[PDB]
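**Q** Quick one: the structure is below, questions incoming.
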Amino acid sequence: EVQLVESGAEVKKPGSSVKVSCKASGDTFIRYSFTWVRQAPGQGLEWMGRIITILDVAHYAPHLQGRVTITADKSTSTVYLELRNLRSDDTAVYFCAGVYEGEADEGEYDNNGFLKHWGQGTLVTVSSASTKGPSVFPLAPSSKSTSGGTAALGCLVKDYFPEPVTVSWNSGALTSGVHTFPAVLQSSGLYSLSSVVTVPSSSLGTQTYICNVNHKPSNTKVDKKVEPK
Amino acid sequence: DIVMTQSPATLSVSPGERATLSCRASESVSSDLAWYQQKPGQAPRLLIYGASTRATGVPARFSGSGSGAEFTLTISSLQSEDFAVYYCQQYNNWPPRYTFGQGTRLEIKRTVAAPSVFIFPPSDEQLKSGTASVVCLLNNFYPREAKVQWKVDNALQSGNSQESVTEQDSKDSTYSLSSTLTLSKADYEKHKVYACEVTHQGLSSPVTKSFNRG
């Protein structure tokens with residue numbers, strides 16, 4: 001019963017090359033055939049290829065032949081996936097996936113296409129943009145729109161890169177009744193999401209609202225006071 | 001060259017009920033067909049393989065049926081945790097040229113809930129930046145189908161703006177749209193009224209919520 005570990009998410013620029021690692025542990029390495037399955041944001045699984053490890057042979061996906069390679073280091077027990085000539089569309093979460101094959105070290109081999117063990121997934125952003133912390137802008141609580149019960153307000157993390165971004169309200173307390181939207185890619189090449197929390201108006205002016213946005217990539221942690229302005 | 005089409009692009013159904021998914025294949029893939037389940041932000045999950053055999057440690061409610069070019073992952077009394085996108089994988093040809101289905105979202109169908117539109121103007125600080133961002137939230141609603149329109153000075157202009165629905169929630173099990181008209185500084189100042197028209201299914205009638213610069 002193996003556990004697959006992957007290399008870190010990498011931000012590569014167009015026309016470049018990226019190599020993602022995948023540590024295989026918990027069982028006999030050569031008894032597994034590993035497959036890389038990529039998935040672009042919003043998109044769905046796309047078979048990238050599979051390496052019949054023990055044999056050290058790997059077959060690939062038509063639309064990738066030439067620009068992709070799958071190799072395995074039996075010594076360190078790792079599998080690698082290399083894509084060269086990166087395009088923007090290559091931007092996706094590259095999954096490492098494996099399946100048991102049988103006493104392959106003994107000649108037995110099921111050569112299974114499905115994937116029983118999956119990796120945590122490694123995200124690769126292939127874009128011409130540059131790493132840059134975000135900028136949080138408070139969303140004035142609808143004081144002249146909603147009343148009587150509760151009012152909704154929030155933040156607007158705009159122009160950040162590469163990804164991803166975490167969000168919490170009031171240092172991490174008011175995480176309830178909040179709808180943090182998936183980021184969105186702007187024409188510039190940057191992303192921008194939004195976080196909101198519909199809370200009672202009678203609490204505007206005592207509980208200084210502050211969304212806590214973090215962006216490890218840029219190593220820029222931001223806090224913004226959402227005063228009922 | 002094999003195409004795997006999962007007809008039900010989206011399937012809204014309620015917990016306890018029986019959900020059915022159908023994967024359609026180009027040529028015959030015999031029985032080399034597997035089914036996966038993916039939670040937003042998670043590695044897929046091998047449910048069924050070889051068409052009709054569940055993976056070690058998987059709820060018996062998931063039924064794997066089919067053979068040839070017609071497979072079916074039918075589920076008895078669907079479960080709260082059973083919400084996810086489902087994928088079928090074809091792995092019968094050789095050389096290896098495996099293909100995936102395009103998917104199927106097994107969303108929870110509930111009561112048609114109307115959206116409470118909150119229009120947020122562009123913070124002056126953000127305007128001092130060089131641009132303006134008007135956020136028109138659409139809280140808690142269901143059928144993710146919610147057409148929104150950005151009317152600037154009653155101008156149906158439809159362009160510089162970008163939506164973003166949220167996943168199905170936990171408790172409420174609703175969606176929340178988020179349309180954002182990002183204008184300039186010199187053009188934001190060039191327009192007076194900024195309206196956001198939400199035309200939802202659960203909305204008795206169109207609901208325009210706007211504001212005038214100030």
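Labeling convention for the structure tokens: chains A, B, ... as they appear, residues from 1 per chain, ligands from 1 in order of appearance.
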Which chain B residues are at most 7 Å from chain A (counting only C-alpha atoms), as number ranges by chain?

**A** B: 34, 43, 46, 49, 91, 96-100, 102-103, 118, 120, 123, 126, 164-166

**Q** I'd like the neighbourhood of residue 93 of chain B as a list in words, where a residue qualifies if any of its atoms comes within 9 Å (using only C-alpha atoms), though same-chain residues fewer than 6 positions away should be ignored.

**A**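 After dropping sequence-adjacent residues, the list is residues 2, 29 and 32 of chain B.
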
**Q** Quick one: residues within 6 Å of segment 143-159 of chain B, only C-alpha atoms, excluding same-chain residues fewer than 6 positions away - as an MDAnalysis selection string?

**A** chainID B and resid 193:200

**Q** Out of A:127, A:23, A:6, A:147, which residue has the shortest atom-to-atom distance to residue 88 of chain A when counting only C-alpha atoms?

**A**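 Checking each of A:127, A:23, A:6, A:147 against residue 88 of chain A, counting only C-alpha atoms, the winner is A:127.
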
**Q** What lies within 6 Å of residue 201 of chain A using only C-alpha atoms, ignoring chain neighbours under 2 positions off, as JSON, numbers by chain?

**A** {"A": [150, 151, 203, 204]}

**Q** For residue 186 of chain B, which residue among B:95, B:129, B:112, B:12 is the nearest when counting only C-alpha atoms?

**A** B:129

**Q** Set the distance at 6 Å and use only C-alpha atoms: which residues neighbour residue 2 of chain A once local chain neighbours fewer than 2 positions away are removed? I'd like the list as a PDB file with C-alpha atoms, in the first residue's frame.

**A**
ATOM      1  CA  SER A  25       7.071   4.731  -0.864  1.00  0.00           C
ATOM      2  CA  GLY A  26       5.345   2.061   1.150  1.00  0.00           C
ATOM      3  CA  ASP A  27       5.893  -0.861  -1.229  1.00  0.00           C
TER       4      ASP A  27
END

**Q** Please determine, counting only C-alpha atoms, which residue among A:125, A:170, A:35, A:206 has the shortest atom-to-atom distance to residue 225 of chain A.

**A**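 Nearest to residue 225 of chain A: A:170.
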
**Q** Counting only C-alpha atoms, what is within 12 Å of segment 168-173 of chain B, bar same-chain residues fewer than 5 positions away, as a count of residues only?

**A** 32

**Q** Skipping near chain neighbours, those fewer than 5 positions away, what residues fall within 12 Å of residue 68 of chain B using only C-alpha atoms, listed as a PyMOL selection string?

**A** chain B and resi 4+23-33+50-52+90+92

**Q** Could you dump the residues just selected with N, CA and C atoms as an mmCIF file, in the first residue's frame?

**A**
data_model
loop_
_atom_site.group_PDB
_atom_site.id
_atom_site.type_symbol
_atom_site.label_atom_id
_atom_site.label_comp_id
_atom_site.auth_asym_id
_atom_site.auth_seq_id
_atom_site.Cartn_x
_atom_site.Cartn_y
_atom_site.Cartn_z
ATOM 1 N N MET B 4 -14.148 9.376 -25.196
ATOM 2 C CA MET B 4 -14.980 8.919 -24.111
ATOM 3 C C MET B 4 -15.852 10.087 -23.715
ATOM 4 N N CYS B 23 -21.076 6.735 -19.373
ATOM 5 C CA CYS B 23 -19.875 7.016 -20.139
ATOM 6 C C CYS B 23 -20.040 6.358 -21.508
ATOM 7 N N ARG B 24 -19.940 7.165 -22.555
ATOM 8 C CA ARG B 24 -20.077 6.705 -23.932
ATOM 9 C C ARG B 24 -18.688 6.666 -24.567
ATOM 10 N N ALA B 25 -18.355 5.566 -25.236
ATOM 11 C CA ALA B 25 -17.042 5.436 -25.866
ATOM 12 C C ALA B 25 -17.097 5.351 -27.390
ATOM 13 N N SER B 26 -16.026 5.797 -28.045
ATOM 14 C CA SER B 26 -15.949 5.744 -29.497
ATOM 15 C C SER B 26 -16.038 4.267 -29.836
ATOM 16 N N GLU B 27 -14.938 3.661 -30.283
ATOM 17 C CA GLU B 27 -14.954 2.232 -30.602
ATOM 18 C C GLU B 27 -15.017 1.422 -29.315
ATOM 19 N N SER B 28 -15.143 0.109 -29.432
ATOM 20 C CA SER B 28 -15.206 -0.707 -28.230
ATOM 21 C C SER B 28 -13.897 -0.683 -27.459
ATOM 22 N N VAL B 29 -14.028 -0.559 -26.143
ATOM 23 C CA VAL B 29 -12.910 -0.528 -25.204
ATOM 24 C C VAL B 29 -13.014 -1.792 -24.326
ATOM 25 N N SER B 30 -13.787 -2.760 -24.800
ATOM 26 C CA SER B 30 -13.979 -4.000 -24.077
ATOM 27 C C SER B 30 -14.432 -3.756 -22.650
ATOM 28 N N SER B 31 -13.558 -4.041 -21.695
ATOM 29 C CA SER B 31 -13.902 -3.862 -20.293
ATOM 30 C C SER B 31 -12.833 -3.063 -19.566
ATOM 31 N N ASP B 32 -11.861 -2.557 -20.327
ATOM 32 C CA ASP B 32 -10.779 -1.771 -19.759
ATOM 33 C C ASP B 32 -11.265 -0.358 -19.536
ATOM 34 N N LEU B 33 -12.202 -0.222 -18.601
ATOM 35 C CA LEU B 33 -12.816 1.056 -18.262
ATOM 36 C C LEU B 33 -12.843 1.214 -16.754
ATOM 37 N N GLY B 50 -11.864 -1.995 -14.705
ATOM 38 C CA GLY B 50 -12.252 -3.197 -15.427
ATOM 39 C C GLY B 50 -13.751 -3.186 -15.672
ATOM 40 N N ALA B 51 -14.311 -1.981 -15.604
ATOM 41 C CA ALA B 51 -15.727 -1.722 -15.821
ATOM 42 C C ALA B 51 -16.641 -2.036 -14.648
ATOM 43 N N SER B 52 -16.594 -3.260 -14.143
ATOM 44 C CA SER B 52 -17.504 -3.592 -13.062
ATOM 45 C C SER B 52 -16.913 -4.124 -11.773
ATOM 46 N N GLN B 90 -10.544 5.216 -20.065
ATOM 47 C CA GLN B 90 -10.487 4.156 -21.045
ATOM 48 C C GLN B 90 -9.009 3.733 -21.083
ATOM 49 N N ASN B 92 -7.938 0.500 -22.840
ATOM 50 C CA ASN B 92 -7.954 -0.753 -23.561
ATOM 51 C C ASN B 92 -7.057 -0.846 -24.779
#

**Q** Taking the chain letters and numbering used in this document, name the residues of segment 137-216 of chain A that DSSP puts in strand (DSSP E), as a ChimeraX atom specification.

**A** /A:138-139,150-155,166-169,181-185,191-200,209-215

**Q** Pick from A:161, A:169, A:32, A:209: nearest to residue 52 of chain A, with only C-alpha atoms counted?

**A**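 Smallest separation from residue 52 of chain A among the options: A:32.
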
**Q** At what distance in Å, to one decimal, does atom CA of residue 64 of chain A lie from atom CA of residue 130 of chain A?

**A**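 These two atoms are separated by 26.1 Å.
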